[PDB]
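S.K.: Pasting work-v6.csv here (CSV, N, CA and C atoms):
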```
chain,number,residue,atom,x,y,z
J,1,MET,N,-11.9,13.3,-8.6
J,1,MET,CA,-11.1,13.7,-7.4
J,1,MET,C,-10.3,12.5,-6.9
J,2,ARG,N,-9.4,12.7,-6.0
J,2,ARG,CA,-8.6,11.6,-5.5
J,2,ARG,C,-9.3,11.0,-4.3
J,3,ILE,N,-9.4,9.7,-4.2
J,3,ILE,CA,-10.1,9.1,-3.1
J,3,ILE,C,-9.3,7.8,-2.6
J,4,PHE,N,-9.5,7.5,-1.4
J,4,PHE,CA,-8.8,6.3,-0.8
J,4,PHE,C,-9.7,5.1,-0.9
J,5,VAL,N,-9.1,4.0,-1.5
J,5,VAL,CA,-9.8,2.8,-1.7
J,5,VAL,C,-9.6,1.8,-0.5
J,6,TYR,N,-10.6,1.7,0.3
J,6,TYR,CA,-10.5,0.8,1.5
J,6,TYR,C,-11.5,-0.4,1.3
J,7,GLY,N,-11.8,-0.7,0.0
J,7,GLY,CA,-12.6,-1.8,-0.3
J,7,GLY,C,-11.9,-2.8,-1.2
J,8,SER,N,-10.9,-3.4,-0.6
J,8,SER,CA,-9.9,-4.4,-1.2
J,8,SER,C,-9.1,-3.7,-2.4
J,9,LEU,N,-8.0,-4.2,-2.6
J,9,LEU,CA,-7.1,-3.7,-3.7
J,9,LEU,C,-7.8,-4.0,-5.0
J,10,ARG,N,-8.6,-5.0,-5.0
J,10,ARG,CA,-9.4,-5.4,-6.2
J,10,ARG,C,-10.4,-4.4,-6.6
J,11,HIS,N,-10.7,-3.5,-5.6
J,11,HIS,CA,-11.7,-2.4,-5.8
J,11,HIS,C,-13.0,-2.9,-6.6
J,12,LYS,N,-13.7,-2.0,-7.2
J,12,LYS,CA,-14.9,-2.3,-7.9
J,12,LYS,C,-15.0,-1.4,-9.1
J,13,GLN,N,-15.4,-1.9,-10.2
J,13,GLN,CA,-15.6,-1.1,-11.5
J,13,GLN,C,-16.9,-0.3,-11.4
J,14,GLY,N,-17.7,-0.7,-10.5
J,14,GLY,CA,-19.0,0.1,-10.3
J,14,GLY,C,-19.9,-0.1,-11.4
J,15,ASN,N,-19.9,0.9,-12.3
J,15,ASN,CA,-20.8,0.9,-13.5
J,15,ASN,C,-19.9,1.0,-14.8
J,16,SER,N,-18.8,1.8,-14.7
J,16,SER,CA,-17.9,2.0,-15.8
J,16,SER,C,-16.8,2.9,-15.4
J,17,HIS,N,-17.2,4.1,-14.8
J,17,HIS,CA,-16.3,5.2,-14.4
J,17,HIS,C,-15.0,4.6,-13.7
J,18,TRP,N,-15.3,3.7,-12.8
J,18,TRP,CA,-14.3,3.3,-11.8
J,18,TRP,C,-13.2,2.3,-12.4
J,19,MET,N,-13.3,2.1,-13.7
J,19,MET,CA,-12.3,1.4,-14.4
J,19,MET,C,-11.8,2.1,-15.7
J,20,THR,N,-12.4,3.2,-15.9
J,20,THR,CA,-12.1,4.0,-17.1
J,20,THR,C,-11.2,5.2,-16.8
J,21,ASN,N,-11.7,6.1,-16.0
J,21,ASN,CA,-10.9,7.3,-15.7
J,21,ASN,C,-10.0,7.0,-14.4
J,22,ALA,N,-10.2,5.9,-13.8
J,22,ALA,CA,-9.5,5.5,-12.6
J,22,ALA,C,-8.0,5.3,-12.9
J,23,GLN,N,-7.2,6.3,-12.4
J,23,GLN,CA,-5.7,6.2,-12.5
J,23,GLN,C,-5.1,5.7,-11.3
J,24,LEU,N,-4.4,4.5,-11.4
J,24,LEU,CA,-3.7,4.0,-10.2
J,24,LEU,C,-2.5,4.8,-9.9
J,25,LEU,N,-2.6,5.6,-8.8
J,25,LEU,CA,-1.5,6.4,-8.4
J,25,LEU,C,-0.5,5.5,-7.7
J,26,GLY,N,-1.0,4.5,-6.9
J,26,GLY,CA,-0.1,3.6,-6.3
J,26,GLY,C,-0.7,3.1,-5.0
J,27,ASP,N,-0.2,2.1,-4.4
J,27,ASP,CA,-0.6,1.6,-3.1
J,27,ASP,C,-0.1,2.5,-2.0
J,28,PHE,N,-0.9,2.7,-1.0
J,28,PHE,CA,-0.6,3.6,0.1
J,28,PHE,C,-1.4,3.1,1.4
J,29,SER,N,-0.6,2.4,2.2
J,29,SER,CA,-1.2,2.0,3.5
J,29,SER,C,-1.0,3.1,4.6
J,30,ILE,N,-2.1,3.4,5.3
J,30,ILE,CA,-2.0,4.4,6.3
J,30,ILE,C,-2.2,3.9,7.7
J,31,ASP,N,-1.2,4.2,8.5
J,31,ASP,CA,-1.2,3.8,9.9
J,31,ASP,C,-2.0,4.7,10.7
J,32,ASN,N,-2.4,4.3,11.9
J,32,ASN,CA,-3.2,5.0,12.9
J,32,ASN,C,-4.7,5.1,12.4
J,33,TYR,N,-5.1,4.1,11.6
J,33,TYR,CA,-6.5,4.0,11.2
J,33,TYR,C,-7.0,2.6,11.4
J,34,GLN,N,-8.2,2.4,11.6
J,34,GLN,CA,-8.8,1.1,11.8
J,34,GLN,C,-10.0,0.9,10.9
J,35,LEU,N,-10.3,-0.4,10.5
J,35,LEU,CA,-11.4,-0.6,9.6
J,35,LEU,C,-12.5,-1.4,10.3
J,36,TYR,N,-13.7,-0.9,10.1
J,36,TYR,CA,-14.9,-1.6,10.6
J,36,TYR,C,-15.6,-2.4,9.5
J,37,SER,N,-16.3,-3.4,9.8
J,37,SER,CA,-17.2,-4.1,8.9
J,37,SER,C,-18.6,-4.2,9.5
J,38,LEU,N,-19.5,-3.4,8.9
J,38,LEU,CA,-20.8,-3.3,9.5
J,38,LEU,C,-21.8,-4.1,8.7
J,39,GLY,N,-21.4,-5.1,7.9
J,39,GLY,CA,-22.3,-6.0,7.3
J,39,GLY,C,-22.1,-6.1,5.8
J,40,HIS,N,-22.3,-4.9,5.2
J,40,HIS,CA,-22.2,-4.8,3.8
J,40,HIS,C,-20.8,-4.1,3.5
J,41,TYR,N,-20.9,-2.8,3.5
J,41,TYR,CA,-19.7,-1.9,3.2
J,41,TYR,C,-18.9,-1.8,4.5
J,42,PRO,N,-17.6,-1.4,4.3
J,42,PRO,CA,-16.7,-1.2,5.5
J,42,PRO,C,-16.7,0.3,5.9
J,43,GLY,N,-16.0,0.5,7.0
J,43,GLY,CA,-15.8,1.9,7.5
J,43,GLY,C,-14.5,2.1,8.0
J,44,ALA,N,-13.9,3.3,8.0
J,44,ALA,CA,-12.6,3.5,8.4
J,44,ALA,C,-12.5,4.8,9.2
J,45,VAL,N,-11.6,4.8,10.3
J,45,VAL,CA,-11.5,6.0,11.2
J,45,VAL,C,-10.1,6.0,11.7
J,46,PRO,N,-9.7,7.2,12.3
J,46,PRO,CA,-8.4,7.3,13.0
J,46,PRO,C,-8.4,6.4,14.3
J,47,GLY,N,-7.3,5.7,14.4
J,47,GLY,CA,-7.2,4.8,15.6
J,47,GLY,C,-5.8,4.2,15.7
J,48,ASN,N,-5.7,2.9,15.7
J,48,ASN,CA,-4.4,2.2,15.8
J,48,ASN,C,-4.4,1.0,14.9
J,49,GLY,N,-3.9,1.2,13.7
J,49,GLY,CA,-3.8,0.1,12.7
J,49,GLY,C,-3.2,0.6,11.4
J,50,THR,N,-2.8,-0.3,10.5
J,50,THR,CA,-2.3,0.1,9.2
J,50,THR,C,-3.2,-0.3,8.1
J,51,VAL,N,-3.9,0.6,7.5
J,51,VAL,CA,-4.9,0.3,6.5
J,51,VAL,C,-4.2,0.2,5.2
J,52,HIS,N,-4.1,-1.1,4.7
J,52,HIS,CA,-3.4,-1.5,3.5
J,52,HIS,C,-4.2,-1.2,2.3
J,53,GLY,N,-4.5,0.1,2.0
J,53,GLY,CA,-5.4,0.5,1.0
J,53,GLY,C,-4.6,1.0,-0.3
J,54,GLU,N,-5.4,1.5,-1.2
J,54,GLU,CA,-4.8,1.9,-2.5
J,54,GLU,C,-5.4,3.3,-2.9
J,55,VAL,N,-4.6,4.2,-3.4
J,55,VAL,CA,-5.0,5.5,-3.7
J,55,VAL,C,-5.2,5.7,-5.2
J,56,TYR,N,-6.4,6.2,-5.6
J,56,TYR,CA,-6.7,6.4,-7.0
J,56,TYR,C,-7.0,7.8,-7.4
J,57,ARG,N,-6.8,8.2,-8.6
J,57,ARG,CA,-7.2,9.5,-9.1
J,57,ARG,C,-8.3,9.3,-10.1
J,58,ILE,N,-9.5,9.6,-9.7
J,58,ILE,CA,-10.7,9.5,-10.6
J,58,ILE,C,-11.2,10.9,-11.0
J,59,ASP,N,-12.0,10.9,-12.0
J,59,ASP,CA,-12.6,12.2,-12.5
J,59,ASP,C,-13.4,12.9,-11.4
J,60,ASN,N,-13.4,14.2,-11.4
J,60,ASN,CA,-14.0,15.0,-10.4
J,60,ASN,C,-15.5,14.8,-10.4
J,61,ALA,N,-16.1,14.7,-11.5
J,61,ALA,CA,-17.6,14.5,-11.6
J,61,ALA,C,-17.9,13.1,-11.2
J,62,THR,N,-17.1,12.2,-11.5
J,62,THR,CA,-17.2,10.8,-11.0
J,62,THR,C,-17.2,10.8,-9.4
J,63,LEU,N,-16.5,11.7,-8.8
J,63,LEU,CA,-16.5,11.9,-7.3
J,63,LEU,C,-17.9,12.2,-6.9
J,64,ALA,N,-18.5,13.2,-7.5
J,64,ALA,CA,-19.9,13.6,-7.2
J,64,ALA,C,-20.8,12.5,-7.4
J,65,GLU,N,-20.5,11.6,-8.3
J,65,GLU,CA,-21.3,10.4,-8.6
J,65,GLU,C,-21.3,9.5,-7.4
J,66,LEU,N,-20.1,9.2,-6.9
J,66,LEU,CA,-19.9,8.3,-5.8
J,66,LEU,C,-20.5,8.9,-4.5
J,67,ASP,N,-20.3,10.2,-4.2
J,67,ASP,CA,-20.7,10.8,-3.0
J,67,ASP,C,-22.3,10.8,-3.0
J,68,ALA,N,-22.9,11.2,-4.1
J,68,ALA,CA,-24.3,11.3,-4.2
J,68,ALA,C,-25.0,10.0,-4.1
J,69,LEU,N,-24.3,8.9,-4.4
J,69,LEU,CA,-24.8,7.6,-4.3
J,69,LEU,C,-24.6,7.0,-2.9
J,70,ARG,N,-23.5,7.4,-2.2
J,70,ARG,CA,-23.1,6.8,-1.0
J,70,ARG,C,-23.8,7.5,0.2
J,71,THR,N,-23.7,8.8,0.3
J,71,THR,CA,-24.1,9.5,1.5
J,71,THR,C,-25.3,10.4,1.3
J,72,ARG,N,-26.1,10.1,0.2
J,72,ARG,CA,-27.3,10.9,-0.1
J,72,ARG,C,-28.2,10.8,1.1
J,73,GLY,N,-28.3,11.8,1.9
J,73,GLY,CA,-29.1,11.9,3.0
J,73,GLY,C,-28.3,12.1,4.3
J,74,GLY,N,-27.1,11.7,4.3
J,74,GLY,CA,-26.2,11.9,5.5
J,74,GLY,C,-25.9,10.5,6.1
J,75,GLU,N,-24.9,9.9,5.5
J,75,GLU,CA,-24.5,8.6,6.1
J,75,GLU,C,-23.1,8.6,6.7
J,76,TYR,N,-22.2,9.3,6.0
J,76,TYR,CA,-20.8,9.4,6.5
J,76,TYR,C,-20.3,10.8,6.4
J,77,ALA,N,-19.1,11.1,6.9
J,77,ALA,CA,-18.5,12.4,6.8
J,77,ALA,C,-17.3,12.3,5.9
J,78,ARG,N,-17.0,13.4,5.3
J,78,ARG,CA,-15.8,13.4,4.4
J,78,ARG,C,-14.6,13.9,5.1
J,79,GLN,N,-13.6,13.0,5.2
J,79,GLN,CA,-12.3,13.3,5.8
J,79,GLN,C,-11.3,13.4,4.8
J,80,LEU,N,-10.9,14.6,4.4
J,80,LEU,CA,-9.9,14.8,3.4
J,80,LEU,C,-8.5,14.6,4.0
J,81,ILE,N,-7.8,13.6,3.5
J,81,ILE,CA,-6.5,13.3,4.0
J,81,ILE,C,-5.5,13.6,2.9
J,82,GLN,N,-4.4,14.2,3.3
J,82,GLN,CA,-3.4,14.7,2.4
J,82,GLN,C,-2.3,13.5,2.2
J,83,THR,N,-2.4,12.8,1.1
J,83,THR,CA,-1.5,11.8,0.8
J,83,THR,C,-0.4,12.3,-0.1
J,84,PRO,N,0.8,11.7,-0.2
J,84,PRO,CA,1.9,12.1,-1.1
J,84,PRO,C,1.5,12.0,-2.6
J,85,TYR,N,0.4,11.3,-2.8
J,85,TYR,CA,-0.1,11.2,-4.2
J,85,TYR,C,-1.2,12.2,-4.4
J,86,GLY,N,-1.5,13.0,-3.4
J,86,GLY,CA,-2.6,14.0,-3.5
J,86,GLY,C,-3.6,13.8,-2.4
J,87,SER,N,-4.3,14.9,-2.0
J,87,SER,CA,-5.3,14.8,-1.0
J,87,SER,C,-6.4,13.9,-1.5
J,88,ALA,N,-6.8,12.9,-0.7
J,88,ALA,CA,-7.8,11.9,-1.0
J,88,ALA,C,-8.9,12.0,0.0
J,89,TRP,N,-10.2,11.7,-0.5
J,89,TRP,CA,-11.3,11.7,0.4
J,89,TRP,C,-11.5,10.4,1.1
J,90,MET,N,-11.5,10.4,2.4
J,90,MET,CA,-11.8,9.3,3.3
J,90,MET,C,-13.1,9.4,3.9
J,91,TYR,N,-14.0,8.4,3.8
J,91,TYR,CA,-15.3,8.4,4.4
J,91,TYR,C,-15.3,7.8,5.8
J,92,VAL,N,-15.6,8.6,6.8
J,92,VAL,CA,-15.6,8.1,8.2
J,92,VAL,C,-16.9,7.8,8.7
J,93,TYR,N,-17.0,6.7,9.5
J,93,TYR,CA,-18.2,6.3,10.2
J,93,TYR,C,-18.9,7.5,10.9
J,94,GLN,N,-20.1,7.7,10.6
J,94,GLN,CA,-20.9,8.8,11.1
J,94,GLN,C,-22.1,8.4,11.9
J,95,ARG,N,-22.3,7.1,12.0
J,95,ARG,CA,-23.4,6.5,12.8
J,95,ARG,C,-22.9,5.4,13.6
J,96,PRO,N,-23.4,5.3,14.9
J,96,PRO,CA,-22.9,4.4,15.9
J,96,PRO,C,-22.3,3.0,15.4
J,97,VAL,N,-21.1,2.7,15.9
J,97,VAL,CA,-20.5,1.5,15.6
J,97,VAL,C,-20.8,0.4,16.6
J,98,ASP,N,-21.9,0.6,17.3
J,98,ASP,CA,-22.3,-0.4,18.3
J,98,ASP,C,-22.6,-1.7,17.7
J,99,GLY,N,-21.8,-2.7,18.0
J,99,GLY,CA,-22.1,-4.0,17.5
J,99,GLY,C,-21.4,-4.3,16.2
J,100,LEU,N,-20.4,-3.6,15.8
J,100,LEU,CA,-19.7,-3.8,14.5
J,100,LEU,C,-18.5,-4.6,14.7
J,101,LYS,N,-17.9,-5.1,13.6
J,101,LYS,CA,-16.6,-5.8,13.7
J,101,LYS,C,-15.5,-4.9,13.4
J,102,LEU,N,-14.4,-5.1,14.1
J,102,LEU,CA,-13.2,-4.2,13.9
J,102,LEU,C,-12.0,-5.0,13.4
J,103,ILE,N,-11.4,-4.5,12.3
J,103,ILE,CA,-10.2,-5.0,11.8
J,103,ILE,C,-9.1,-4.1,12.2
J,104,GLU,N,-8.5,-4.3,13.4
J,104,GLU,CA,-7.4,-3.5,14.0
J,104,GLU,C,-6.2,-3.7,13.1
J,105,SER,N,-6.2,-4.7,12.3
J,105,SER,CA,-5.0,-4.9,11.4
J,105,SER,C,-4.9,-3.8,10.4
J,106,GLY,N,-6.1,-3.5,9.7
J,106,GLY,CA,-6.1,-2.5,8.7
J,106,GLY,C,-6.2,-3.0,7.3
J,107,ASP,N,-6.0,-4.3,7.1
J,107,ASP,CA,-6.2,-4.9,5.8
J,107,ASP,C,-7.4,-5.8,5.8
J,108,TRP,N,-8.0,-5.9,4.6
J,108,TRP,CA,-9.2,-6.6,4.3
J,108,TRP,C,-9.1,-8.1,4.4
J,109,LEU,N,-7.9,-8.5,4.1
J,109,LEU,CA,-7.6,-9.9,4.0
J,109,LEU,C,-6.9,-10.4,5.2
J,110,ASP,N,-5.6,-10.0,5.3
J,110,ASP,CA,-4.8,-10.2,6.5
J,110,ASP,C,-4.5,-11.7,6.9
J,111,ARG,N,-5.5,-12.5,6.9
J,111,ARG,CA,-5.5,-13.8,7.5
J,111,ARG,C,-4.9,-14.9,6.6
J,112,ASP,N,-4.1,-14.4,5.6
J,112,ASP,CA,-3.2,-15.3,4.9
J,112,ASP,C,-1.9,-15.3,5.5
J,113,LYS,N,-1.7,-14.3,6.4
J,113,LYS,CA,-0.5,-14.1,7.2
J,113,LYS,C,0.8,-14.0,6.4
```
How does the structure come out when it is put into C-alpha coordinates?

M.R.:
Amino acid sequence: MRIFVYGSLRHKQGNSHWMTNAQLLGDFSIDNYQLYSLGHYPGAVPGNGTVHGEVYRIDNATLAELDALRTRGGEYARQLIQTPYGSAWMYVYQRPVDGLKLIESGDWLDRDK
(Lines of atoms letter the chains of each structure in order from A and count residues from 1; the text may use other names and numbers.)
(Lines give C-alpha, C1' and ligand atoms only; values in the text may rest on other atoms or scores of the structure.)
Protein backbone atom coordinates (compact mmCIF):
# COMPACT_ATOMS: atom_id res chain seq x y z
CA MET A 1 0.00 0.00 0.00
CA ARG A 2 1.08 3.64 -0.13
CA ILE A 3 2.61 5.08 3.02
CA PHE A 4 4.18 8.37 4.10
CA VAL A 5 7.87 8.29 4.99
CA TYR A 6 8.54 10.54 7.96
CA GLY A 7 11.76 8.77 8.88
CA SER A 8 14.28 10.81 6.85
CA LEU A 9 14.40 10.81 3.05
CA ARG A 10 17.12 8.21 3.51
CA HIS A 11 14.34 5.92 4.80
CA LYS A 12 15.25 2.37 5.81
CA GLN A 13 15.55 -0.87 3.85
CA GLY A 14 14.26 -2.72 6.86
CA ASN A 15 14.85 -6.33 5.95
CA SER A 16 14.48 -6.34 2.16
CA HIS A 17 10.94 -5.36 1.12
CA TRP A 18 11.54 -1.66 1.70
CA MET A 19 14.17 -1.44 -1.03
CA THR A 20 12.73 -4.03 -3.39
CA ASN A 21 9.06 -3.26 -4.09
CA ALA A 22 9.45 0.29 -2.80
CA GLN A 23 8.52 2.59 -5.66
CA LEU A 24 9.58 6.19 -5.21
CA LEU A 25 6.48 8.16 -6.15
CA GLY A 26 8.20 11.39 -5.27
CA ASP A 27 8.81 13.83 -2.46
CA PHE A 28 5.81 15.35 -0.82
CA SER A 29 6.02 17.74 2.09
CA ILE A 30 2.77 18.25 3.98
CA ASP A 31 1.94 21.44 5.79
CA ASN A 32 -0.19 21.69 8.94
CA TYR A 33 1.61 18.72 10.50
CA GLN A 34 4.27 18.52 13.20
CA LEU A 35 6.85 15.87 14.05
CA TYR A 36 7.60 14.47 17.51
CA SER A 37 10.74 12.72 18.63
CA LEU A 38 9.98 10.36 21.51
CA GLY A 39 13.43 8.84 21.82
CA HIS A 40 13.65 6.14 19.19
CA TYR A 41 11.04 6.47 16.47
CA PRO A 42 9.31 9.74 15.50
CA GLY A 43 5.62 10.65 15.49
CA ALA A 44 3.51 12.93 13.32
CA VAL A 45 0.17 14.71 13.79
CA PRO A 46 -1.97 17.59 12.43
CA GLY A 47 -0.71 20.93 13.66
CA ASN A 48 1.40 23.77 12.27
CA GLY A 49 4.44 22.79 10.26
CA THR A 50 5.71 21.49 6.94
CA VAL A 51 6.66 17.81 7.09
CA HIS A 52 9.34 17.41 4.44
CA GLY A 53 8.64 13.73 3.86
CA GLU A 54 8.62 11.34 0.93
CA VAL A 55 5.77 9.20 -0.44
CA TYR A 56 6.31 5.58 -1.49
CA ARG A 57 4.29 2.83 -3.09
CA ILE A 58 5.12 -0.48 -1.45
CA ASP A 59 3.48 -3.90 -1.78
CA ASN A 60 0.15 -4.35 0.03
CA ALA A 61 1.34 -7.41 1.98
CA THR A 62 4.48 -5.48 2.87
CA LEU A 63 2.09 -2.96 4.48
CA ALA A 64 0.62 -5.64 6.72
CA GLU A 65 4.22 -6.52 7.58
CA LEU A 66 5.00 -2.98 8.72
CA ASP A 67 1.70 -2.56 10.57
CA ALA A 68 1.96 -5.91 12.35
CA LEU A 69 5.48 -5.03 13.45
CA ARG A 70 4.82 -1.45 14.48
CA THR A 71 1.47 -1.31 16.26
CA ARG A 72 0.97 -4.95 17.28
CA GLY A 73 -0.96 -4.43 20.45
CA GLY A 74 -2.10 -0.87 19.87
CA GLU A 75 0.62 1.76 19.65
CA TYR A 76 -0.56 4.24 17.00
CA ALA A 77 -3.60 5.05 14.90
CA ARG A 78 -3.82 4.83 11.13
CA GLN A 79 -4.49 8.20 9.53
CA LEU A 80 -5.15 7.70 5.84
CA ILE A 81 -4.20 10.85 3.99
CA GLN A 82 -5.13 11.45 0.38
CA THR A 83 -1.98 12.54 -1.47
CA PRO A 84 -1.79 13.46 -5.21
CA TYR A 85 0.34 10.33 -5.57
CA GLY A 86 -2.31 8.23 -3.86
CA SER A 87 -3.79 7.82 -0.40
CA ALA A 88 -1.00 7.05 2.05
CA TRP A 89 -1.06 5.75 5.61
CA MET A 90 0.12 8.17 8.28
CA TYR A 91 0.70 6.86 11.81
CA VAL A 92 -0.43 9.32 14.48
CA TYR A 93 0.67 9.50 18.08
CA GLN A 94 -1.81 7.52 20.13
CA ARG A 95 -0.13 7.64 23.54
CA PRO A 96 0.66 10.79 25.63
CA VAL A 97 3.28 13.15 24.18
CA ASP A 98 4.04 14.37 27.69
CA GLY A 99 7.74 15.16 27.75
CA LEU A 100 8.45 14.66 24.05
CA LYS A 101 10.43 16.81 21.65
CA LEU A 102 8.66 18.74 18.93
CA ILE A 103 9.96 19.59 15.49
CA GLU A 104 7.57 22.37 14.53
CA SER A 105 9.67 22.73 11.39
CA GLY A 106 8.52 19.41 9.98
CA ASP A 107 11.88 18.24 8.66
CA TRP A 108 14.17 15.72 10.33
CA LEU A 109 17.28 17.68 9.58
CA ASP A 110 16.40 21.38 9.20
CA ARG A 111 19.41 22.70 11.09
CA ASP A 112 21.60 22.92 8.03
CA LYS A 113 19.39 25.95 7.28

S.K.: Using only N, CA and C atoms - which residues lie no farther than 8 Å from the point (-8.2, 9.2, -8.7) in the file's frame? Write them as a list in words.

M.R.: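 These residues have at least one counted atom within 8 Å: residues 1, 2, 3, 4, 21, 22, 23, 24, 25, 55, 56, 57, 58, 59 and 60 of chain J.
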
S.K.: If we count all atoms listed in the file and set the cut-off at 7 Å, which residues sit around residue 37 of chain J, ignoring sequence neighbours fewer than 3 positions away in its own chain? Please answer as an MDAnalysis selection string.

M.R.: chainID J and resid 40:43 100:103

S.K.: I need the residue nearest residue 104 of chain J from this list: J:34, J:8, J:29, J:15. Use only C-alpha atoms for the distance.

M.R.: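 Answer, going by the shortest atom-to-atom distance: J:34.
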
S.K.: When you draw a straight line from atom C of residue 106 of chain J to atom N of residue 79 of chain J, how long is it in Å?

M.R.: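 Between atom C of residue 106 of chain J and atom N of residue 79 of chain J the gap works out to 17.8 Å.
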
S.K.: What does the distance between atom CA of residue 52 of chain J and atom CA of residue 35 of chain J come to in Å, to one decimal place?

M.R.: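 Answer for the atom CA of residue 52 of chain J to atom CA of residue 35 of chain J separation: 10.1 Å.
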
S.K.: If you run DSSP on the backbone here, which positions in chain J get strand (DSSP E)? Please write them as a PyMOL selection string.

M.R.: chain J and resi 2-5+23-37+42-57+76-83+86-93+101-103
